[PDB]
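Structure in structure tokens, see below.
Convention: sequence-line order gives letters A, B, ...; per-chain numbering from 1. Just so it is clear, the values below take in all heavy atoms, side chains as well, and ignore hydrogens, waters and symmetry mates.
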Amino acid sequence: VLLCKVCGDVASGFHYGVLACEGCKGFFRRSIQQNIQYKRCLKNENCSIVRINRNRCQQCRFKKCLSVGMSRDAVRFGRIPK
Amino acid sequence: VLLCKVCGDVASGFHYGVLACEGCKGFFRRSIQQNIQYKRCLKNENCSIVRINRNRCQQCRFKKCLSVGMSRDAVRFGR
DNA sequence: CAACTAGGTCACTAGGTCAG
DNA sequence: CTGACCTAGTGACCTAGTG
Ligand SMILES: [Zn+2]
Ligand SMILES: [Zn+2]
Ligand SMILES: [Zn+2]
Ligand SMILES: [Zn+2]
């Protein structure tokens, strides 16, 4: 089926331009709205965001959402076409 | 080819007397065929209306619909 | 009769909620 | 402070009717 582009979980839809799970849809919006910076990464700027460890590090997570393409400008309402 | 007058998206026909997109087409019908009470624009009632942000401000988008000439009494059926 | 569109449908999503 | 779950809307598609 649908896989979340950011953590690999099951995608619940197409959100902000990329298929994503409900957890990352909310996280992203949440972040990109009521904005504020996230604590500093506790490793190298690369933490493998996965279904089980996605919440362990917000900085690399949010960074990953943008990474894959999420934004308010890539929204697509309605049915899916071709 | 053709474009929507309200948002510049691909027009799909002459709706309410103005080349419009399916999006703006239905949005307009939904507006004037309902208890039109759009929350006042949150940002200086001069919000631009393009493909990327057409859903961001309803009051404006609708305002842009009437602004470009749409209305039920401007409808046309064949040309 | 063909060309073309207003509605009506309903597949889909952004945001709001609120119990973990 | 995360994410399953609802709802208010959005717009792709279809078709009843309309020189
Ligand atoms: Zn995810
Ligand atoms: Zn990290
Ligand atoms: Zn439009
Ligand atoms: Zn506005």
Each nucleotide of nucleotides 12-19 of chain D classed B (base within 4.0 Å of a protein heavy atom), S (only sugar-phosphate) or -, in 5' to 3' order, makes BB----BS
Atom CE of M70(B) and atom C1' of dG7(C): how far apart are they, to the nearest Å?
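My rounded result for the distance is 13 Å.
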Rounded to whole angstroms, how far apart are NE2 on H15(B) and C1' on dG8(C)?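 Nearest whole value for this atom pair: 14 Å.
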- Name the stems with DNA chain C in them: runs of three or more consecutive Watson-Crick or G-U pairs, distances under 3.5 Å?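 So far as stems of 3 or more pairs are concerned, DNA chain C shows C:3-18 with D:3-18.
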Checklist entry - Aromatic rings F62(A) and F28(A): how do their planes relate, parallel, tilted or perpendicular, breaks at 30° and 60°? => result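 It falls in the parallel class, under 30°.
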Which nucleotide in the set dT10(D), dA14(C), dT2(D) lies at the smallest distance from any side-chain heavy atom of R30(B)?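 The closest nucleotide is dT10(D).
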Worksheet item: Given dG3(D), is OP1 or OP2 found less than 4.0 Å from the side-chain N or O atoms of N55(A)?
Response: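 For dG3(D), OP1 or OP2 has a side-chain N or O of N55(A) closer than 4.0 Å.
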Nearest-Å distance once atom P is located in both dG20(C) and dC6(D):
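One P to the other, the span is 14 Å.
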message: Just the rounded figure in Å: distance from P of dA14(C) to CG of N53(B).
response: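 Distance check: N53(B) CG to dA14(C) P gives 16 Å.
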ask   = Can a side chain N or O of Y38(B) be found less than 4.0 Å away from OP1 or OP2 on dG9(D)?
value =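 Negative; the distance criterion is not met.
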| task | State whether the number of non-hydrogen atoms from other residues, nucleotides or ligands found under 6.0 Å of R76(B) atom CZ is greater than 12. | result |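 More than 12 heavy atoms, drawn from other residues, nucleotides or ligands, come within 6.0 Å of this atom.
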* Regarding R61(A) and the six-membered ring of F27(A), is the cationic atom NZ or CZ under 6.0 Å from the ring centre and inside 45° of its axis? ->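 The answer is yes; both the distance and angle limits are met.
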- prompt: CD of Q58(B) versus P of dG11(D): gap in Å, rounded?
  reply: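 The answer, rounded to whole Å, is 11 Å.
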May I ask you to establish whether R29(A) and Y16(A) are in a cation-pi arrangement, using a distance under 6.0 Å from NZ or CZ to the six-membered ring centre and at most 45° from the ring axis?
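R29(A) over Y16(A) ring: no.
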For the pair made of CZ in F28(A) and P in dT2(D), what is the distance, rounded to whole Å?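 After rounding, the gap between these two atoms is 14 Å.
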**Study point:** Sidechain-backbone polar pair: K5(B) side chain, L19(B) backbone, donor-acceptor under 3.5 Å
**Key:**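 No, the answer is negative, given that no donor and acceptor are paired below the 3.5 Å cut-off.
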- prompt: Roughly how many Å is it from CZ in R72(B) to P in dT5(C), rounded to a whole number?
  reply: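 To the nearest whole Å, that distance equals 17 Å.
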Between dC12(C) and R76(A), is there an OP1 or OP2 to side-chain N/O distance shorter than 4.0 Å?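 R76(A) to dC12(C) OP1/OP2: no side-chain N or O under 4.0 Å.
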With sequence neighbours left out, what residues match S71(A) under side-chain contact (heavy atoms from CB on, under 4.5 Å)?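 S71(A) satisfies side-chain contact (heavy atoms from CB on, under 4.5 Å) with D73(A), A74(A) once adjacent residues are dropped.
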- Message: With a 4.0 Å cutoff (strictly under), does any side-chain N or O of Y16(B) reach OP1 or OP2 of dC4(C)?
- Response: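 For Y16(B), the contact criterion (side-chain N or O under 4.0 Å from OP1 or OP2 of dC4(C)) is not met.
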